[PDB]
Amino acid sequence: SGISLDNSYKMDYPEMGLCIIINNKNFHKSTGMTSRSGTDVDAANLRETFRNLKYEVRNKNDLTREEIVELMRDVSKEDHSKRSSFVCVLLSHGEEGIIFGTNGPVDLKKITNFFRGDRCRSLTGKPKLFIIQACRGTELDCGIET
């Protein structure tokens, strides 16, 4: 055939892929963390947005740190051969490199490692997107007038 450049990911597989949304609104009193009002609005907005992009959206609410890891591990062990990509959205409290389960923190690294090129072969060479709504520290931006 003619010249082939391969400058863009192949996104015409049978399925666009999964869009896993972890929506943590209520946290265990034991942690002292406050509820995240308005997060359900985000969760619903995301479900509709990615639905229209043809993703298989799966939502989960108020997951413990153990459940977050179990969910990610299970999903990573699925056969993504017919899927073009993978999307995971995390909605919760957080700190740099950490996302909070309802009973404690989870290293983002632990979550993403399940999808490494060598650990999830059916996603090797395919885009793995992680969208994160959470704090990354305690600095505030005073902004500047323009």
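Throughout, we count residues from 1 along the sequence that is shown.
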- Task: Please work out which of 131-139 and 6-14 has the higher mean CA B-factor as recorded in the PDB entry.
- Result: 6-14
- Output the stretch having the higher mean C-alpha B factor in the entry; the candidates are 113-121 and 80-88. 113-121
- Query: Which is it among 57, 53, 98, 68: the one with the largest CA B-factor in the entry?
  - Reply: 98
- Item | CA B-factor placement of residue 64, once the chain's modelled residues are sorted into thirds | middle
- Going by what the PDB entry lists, where does residue 47 fall on CA B-factor within its chain: lowest, middle or highest third? lowest
